[PDB]
Amino acid sequence: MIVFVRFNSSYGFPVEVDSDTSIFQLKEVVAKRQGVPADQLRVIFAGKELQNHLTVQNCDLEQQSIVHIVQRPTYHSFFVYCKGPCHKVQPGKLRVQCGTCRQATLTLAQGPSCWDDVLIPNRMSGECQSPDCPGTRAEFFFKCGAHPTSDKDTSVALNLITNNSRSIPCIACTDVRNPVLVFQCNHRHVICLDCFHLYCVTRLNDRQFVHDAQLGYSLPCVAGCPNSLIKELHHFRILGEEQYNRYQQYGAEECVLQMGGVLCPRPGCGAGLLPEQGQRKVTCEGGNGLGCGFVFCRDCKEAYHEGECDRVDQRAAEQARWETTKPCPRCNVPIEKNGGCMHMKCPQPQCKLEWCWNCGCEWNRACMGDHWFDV
Ligand SMILES: [Zn+2]
Ligand SMILES: [Zn+2]
Ligand SMILES: [Zn+2]
Ligand SMILES: [Zn+2]
Ligand SMILES: [Zn+2]
Ligand SMILES: [Zn+2]
Ligand SMILES: [Zn+2]
Ligand SMILES: [Zn+2]
């Protein structure tokens, strides 16, 4: 049988296999081809990572399919993308400052309780304590929590990523992982970060991103729900630098195709070619840059020749759906929570304990940063 191999591409190169073919041997063609050990390698298909031991005869793979290869005590409400030194998603620390003097001296009567309170500007107000400062506006920002950071060293919040405190199973793999990305669709479907990586990467390869006419290219819920397009495109940074970069070039790749052009299939080049005629024979001349001089067939994208050329389970998706009082730990007097805010103030004048809903401890700066609120 013939198998189509896609790794960091839109197209697949054909590999001769059969029913008796094992998986490990196939990643090894790629492993030497890419100098990357198969052991830190995965290949998923139609929503399934078929184990080393499964073969084509023990799965739904049929002749001429195409597959994808990738290379592989503290409550955290917030996750950021850290532009460095981390260059990855990390747990974050919430912070607030005076909208006027930009100092960390702004006191809030009530703390924030939802994402809107901290992403929507001018949403909350307080009093600044800084000497001779009348500033009232609350400016929220996030910082990477994986190392010390200057207060000017901010990071974008990945606001669809949630602490998996409810222990909801992943929509695609059915495992309980932490943290998870929860879509803004109707049923609010939950997906773990690994399956979200595989989802985006697969969609990249198949050129299946949705063009939101208003703002850029995105993806919706993996179940295909309506009104679920990701609006905070920084979420795609979970792809990691190379793939995210490839994601940013999506629009530029779209223009290349619409200009009737074809892309050089060589991964070290990947130039956008706009040849004059539509002849099957194509030579890479680099477009505006320098070409690799590859001559290929425009149809199969193989070296130029003379002849011819050669997902989500309902049960899992029902499971993976995201959706009043405690007694004061010091004085044991019941009190009701103000939505998502974790900052609890007991009204009993004798007790007057400020405490964290989640931790049950005295209120403190660590609890503000880690989980001032939760969803
Ligand atoms: Zn960091
Ligand atoms: Zn101020
Ligand atoms: Zn998963
Ligand atoms: Zn959904
Ligand atoms: Zn080229
Ligand atoms: Zn051909
Ligand atoms: Zn109390
Ligand atoms: Zn806490």
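Parameters and conventions
The residue numbers you see begin from 1 on each chain and track the sequence as written, which may not match the entry, and residues missing coordinates are not shown. All chains are assigned letters beginning with A, and all ligands numbers beginning with 1, in the order in which they are written. Heavy atoms from the whole structure form the basis of all side-chain values; hydrogens and water molecules are not counted. Think of it this way: DSSP has to see at least two bridges between two strands before they count as a pair. Secondary structure follows DSSP: runs of H or I at least 4 residues long count as helices, runs of E at least 2 residues long count as strands, and numbering of each begins at the N terminus. Axis lines are fitted to C-alpha atoms, over the contacting stretch for helices. Their N-to-C directions set the angle, which ranges from 0 to 180 degrees. Donor atoms: N, O and S within 2.8 Å of the metal, or within 3.2 Å for Na, K and Ca. Because water is excluded, sites can look incomplete. Metal sites are grouped by the angles between bound donors: all angles between 85 and 135 degrees with four donors is tetrahedral, opposite donors over 155 degrees apart with the others between 65 and 115 is square planar for four donors and octahedral for six, and any other pattern is irregular. Patches draw on residues past 30% relative accessible area with no salt bridge. Two like charges within 9 Å are joined, as are two nonpolar side chains (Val, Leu, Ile, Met, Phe, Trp, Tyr) within 5 Å. The method behind every accessible area is Shrake-Rupley, applied with a 1.4 Å probe, and residues are considered shielded solely by the protein chains displayed. In the sections that follow, a salt bridge refers to a side-chain nitrogen of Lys or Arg positioned within 4 Å of a carboxyl oxygen of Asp or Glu. We count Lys and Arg on the positive side and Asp and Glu on the negative side, and we leave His and both chain ends out. Charge coordinates come from a single atom per side chain, which is NZ of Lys, CZ of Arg, CG of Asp or CD of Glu. Using a 1.4 Å probe on the protein chains alone, a residue whose accessible area is under 20% of its type maximum counts as buried, one over 50% counts as exposed, and one in between counts as partly exposed. Directions drawn from the helix axis to the C-beta atoms are what define this arc. Contacts are assigned to residue pairs that have any heavy atoms within 4.5 Å of one another. UniProt positions are given in the numbering used here, feature names are shortened, and annotations may be inferred rather than shown by experiment.

What the deposited record gives as its method is X-ray crystallography, and the resolution it gives is 6.4990 Å.

The subject of this paragraph is the sheet that holds strand β6 (residues 79–82). One open sheet holds the 3 strands; their spatial order is β6-β7-β10, and the pairing between them is antiparallel. With one partner strand each, in any of the chains shown, β6 and β10 (138–144) form the two edges of the open sheet. Strand-to-strand twist in this sheet, taken as the mean axis angle between neighbours without regard to direction, amounts to 50 degrees. Here β6 pairs with strand β7 (residues 88–98) via 4 bridges, running antiparallel. In the strand pairing of β7, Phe79 is matched with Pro91.

Turning our eyes to something else, we now look at the coordination of the zinc ion (ligand 3). Listed as protein donors to the zinc ion (ligand 3) are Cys170 (SG), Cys173 (SG), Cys192 (SG) and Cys195 (SG); their distances from the metal cover 2.3 to 2.4 Å. Taken together, the 4 donor atoms surrounding the zinc ion (ligand 3) define angles of 100 to 116 degrees at the centre, an arrangement classified as tetrahedral. Motif for the zinc ion (ligand 3), donor spacing along one chain: C-x2-C-x18-C-x2-C.

Looking now at a negative patch on the surface. A cluster of like negative charges, contributed by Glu16, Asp18, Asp20, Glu302 and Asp310, occupies part of the molecular surface. By the secondary structure assignment, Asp18 is in the loop between β2 (13–16) and α1 (23–33). On the accessibility criterion, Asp18 (39% relative accessible area) is partly exposed.

Moving on, we get to the sheet that holds strand β1 (residues 2–6). One key point about sheets: their strands pair by backbone hydrogen bonds, in either a parallel or an antiparallel sense. Read across the sheet, 5 strands follow the order β2-β1-β5-β3-β4 without closing on themselves; strand pairing throughout is mixed. Edge positions in the sheet fall to β2 and β4 (48–49), since each has one partner strand and no second. Sheet analysis places β1 next to strand β5 (residues 66–71), joined by 3 bridges and oriented parallel. Bridge assignment links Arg6 to a residue of β5, and that residue is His68.

Turning our eyes to something else, we now look at α1. For α1, every residue scored as buried is listed here: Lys27, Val30 and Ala31. Around the axis of α1, the buried residues are gathered within 110 degrees of arc, so they sit on the same side. Turning to α1, the residues buried within the fold contact β1, β2, β3 (41–45) and β5. With its phi angle positive at about 65 degrees, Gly35 sits one or two positions after the end of α1.

Most peptide bonds are trans, and most residues other than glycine sit at a negative phi. The residue after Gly84, namely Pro85, is reached through a cis peptide bond having omega 5 degrees. With phi around 50 degrees, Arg188 is a residue other than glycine that occupies positive phi space. Among the structural elements, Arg188 can be located in the loop between β12 (180–182) and β13 (190–192). Of note in the backbone geometry, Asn227 takes a positive phi value of approximately 55 degrees without being a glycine. Summarising the element assignment, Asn227 is placed in the loop between β15 (217–218) and α4 (241–248). Residue class for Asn227 comes out exposed when judged on its relative accessible area of 75%.

We now examine the coordination of the zinc ion (ligand 6). Distances from the zinc ion (ligand 6) to its protein donors, namely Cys297 (SG), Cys300 (SG), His305 (NE2) and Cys309 (SG), fall within the range 2.1 to 2.4 Å. Around the zinc ion (ligand 6) sit 4 donor atoms, and with donor-metal-donor angles ranging over 99 to 122 degrees the site reads as tetrahedral. One chain supplies every donor to the zinc ion (ligand 6), and in sequence these donors are spaced C-x2-C-x4-H-x3-C.

Another aspect to go through is the pairing of β5. In this structure, β3 lies alongside β5, joined through 4 bridges in antiparallel fashion. Across the sheet, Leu41 pairs through a bridge with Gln71, a residue of β5.

Turning to the environment of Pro131, a few remarks are in order. With respect to the secondary-structure elements, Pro131 resides in the loop between β9 (127–128) and β10. The exposure class assigned to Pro131 is exposed, which follows from its relative accessible area of 73%. Separated by 26 residues in sequence, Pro131 and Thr105 place their C-alpha atoms 9.6 Å apart.

With numbering matched to this structure, UniProt assigns "binding site: Zn(2+) 5" to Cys328, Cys331, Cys346 and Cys351. Maximum C-alpha separation among the annotated residues is 8.9 Å over a sequence range of 24 residues, consistent with a single clustered spot. Ignoring sequence-local partners within four residues, the contact set of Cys328 consists of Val333, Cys346, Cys351, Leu353 and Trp355. Position of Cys351 relative to the elements: it lies in the loop between β22 (343–345) and β23 (354–356).

A separate point is the pattern of salt bridges. In the structure shown here, the tally under the stated rule is 7 salt bridges. For the salt bridge of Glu49 with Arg42, the shortest nitrogen-to-oxygen distance reads 3.6 Å. Where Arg207 meets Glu253, a salt bridge forms, and the shortest distance between an N and an O atom there is 3.0 Å. Separated by 46 residues along the polypeptide, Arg207 in the loop between α3 (193–205) and β14 (210–211) and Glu253 in helix α5 (residues 250–258) bring together distant segments of the chain. Members of the salt-bridge network, linked through shared partners, are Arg207, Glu253 and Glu254.

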